[PDB]
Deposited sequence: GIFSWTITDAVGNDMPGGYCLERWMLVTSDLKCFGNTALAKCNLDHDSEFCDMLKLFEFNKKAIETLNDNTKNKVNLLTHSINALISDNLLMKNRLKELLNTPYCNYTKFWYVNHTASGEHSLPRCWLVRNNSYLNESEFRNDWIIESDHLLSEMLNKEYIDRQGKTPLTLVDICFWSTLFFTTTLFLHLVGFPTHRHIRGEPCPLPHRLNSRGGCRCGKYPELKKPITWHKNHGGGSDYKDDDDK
């Protein structure tokens, strides 16, 4: 599917996400990961002068989603700050889920237990879709 470059990530590892996971990007309007992928794709094709990021920022970034996350932050509700995304990855198969946002409260990342139900169902959902094919 899409394999991100070294400069897009801080872990210094080759991360590539399959087309099966990334196909959900069009279906989901509340994915901040897909928005960040769109920014990185646009900047990637821009790097390889005039910069056209101001014209494409509405097409790449959902204003409503950013606004919702900002309002969640203003009310101390867990919010996405567009930096860290978690996904579930089947170690043996290599199949994974669409990376969801890692929420923040009080200027600190939400602990894994604090969204355990979020990554249980997702894991289960993966283990279900694998059996559908």
Exercise for the section: Residue ranges with no C-alpha coordinates, please: along the deposited sequence, counted from 1, in order. Expected result: 1-17, 66-73, 159-246
